[PDB]
Structure formats: C-alpha cells, structure tokens
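Structure, as structure tokens:
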Amino acid sequence: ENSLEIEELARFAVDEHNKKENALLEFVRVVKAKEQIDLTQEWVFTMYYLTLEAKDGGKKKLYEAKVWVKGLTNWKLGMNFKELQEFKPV
C-alpha cells in the first residue's frame, strides 16, 4: 500500500512537470523514494524525494523530483495540499 502511494506521487510529479513545460513525459517507474517528515516549523509537512524513470520522445531518462505534502501522508488531506517543488534530469 506504500509503493502505490509513492507511485501516484511520482505520477503527480510527472503530470505537474508536463503542465508547467507543456511536455509529454510518460511515467515509467519509481527507482528510489525517500519520505521525510519535517518537524522544524510551525506546521508539520512531508517531503518526498523521488528518483523516477519516464520516457521523453521514446527514450527513458531519470529524473529527480521533490514533492511537498501538507501534514502527514496518511492524513490524506486532498490533492490541493501537495506541491511539486523541483523536477530535473539527473
């Protein structure tokens, strides 16, 4: 149940990058995922550090993405309370 959660965050990252750049990257897979809960500020939040593979013009490439999530993941706060903060080729 955790891999499937992480996979949809990965697909979210790819969708948000595609909206931002008018690209058409196609998600293939997650190759590395780290969930990090940050307790250093007034409001709890979670960062996901994701390395994923996606096709760009029929070539598979690796990307590093950072997804900010309000609160804790299991709180399931809604899709509006997530943000792609970074997405770049490795």
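Here, each number is a calculation from the coordinates, and none is a lab measurement. Because the Cβ atoms are built from the backbone with ideal geometry, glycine has one as well, and the counts that use them run over all protein chains shown.
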Charged (D, E, K, R) and in contact with a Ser or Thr (Cβ under 9 Å, 6 or more places away or on another chain): does that describe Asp56? no
Being surrounded by 12 or more Cβ atoms within 10 Å (Cβ to Cβ) and either out of contact with any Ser or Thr (no Cβ under 7 Å at 6 or more places or on another chain) or not β-branched (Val, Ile, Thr) (or both) is the filter here; which residues of the stretch 66-84 pass it? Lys66, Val67, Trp68, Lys70, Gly71, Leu72, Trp75, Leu77, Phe81, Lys82, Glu83, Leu84
Candidate set: the stretch 1-51, residues that are assigned to a strand (DSSP E or B), free of Cβ contacts under 8 Å to residues at least 24 places away in the same chain and among the charged types (D, E, K, R); chosen: the one farthest from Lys88 (Cα to Cα): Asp38
Just need a number here: residues in the stretch 64-78 that are without any contact (Cβ under 8 Å) to a residue 60 or more places away in the chain, touching a helix residue (DSSP H, G or I) at 6+ places or on another chain (Cβ under 8 Å) and on the phi < 0 side of the Ramachandran plot. 3
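Is it the case that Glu35 is more than 13 Å from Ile6 (Cβ to Cβ) and of a type in the set (D, E, K, R)?
Values: more than 13 Å from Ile6 (Cβ to Cβ): no; of a type in the set (D, E, K, R): yes.
Against the criterion (more than 13 Å from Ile6 (Cβ to Cβ) and of a type in the set (D, E, K, R)), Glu35 does not qualify.
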Within the stretch 74-88, identify whether any single residue is in a loop (DSSP other than H, G, I, E, B) and in contact with a strand residue (DSSP E or B) (Cβ under 8 Å, 6 or more places away or on another chain), and answer yes or no. yes
Test of understanding: among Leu50, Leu77, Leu62, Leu25, which residue is of a type outside the set (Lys, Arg) and out of contact with any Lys or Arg (no Cβ under 9 Å at 6 or more places or on another chain)? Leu62
Return the residue satisfying two criteria in turn: it lies in the stretch 1-45 and is under 14 Å from the mean Cα position of the chain (by Cα) and among the β-branched types (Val, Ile, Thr), and of such residues it is surrounded by the most Cβ atoms within 10 Å (Cβ to Cβ). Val14
Of the listed residues (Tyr63, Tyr48), the one being farther than 20 Å from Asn2 by Cβ and surrounded by 13 or more Cβ atoms within 10 Å (Cβ to Cβ) is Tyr63
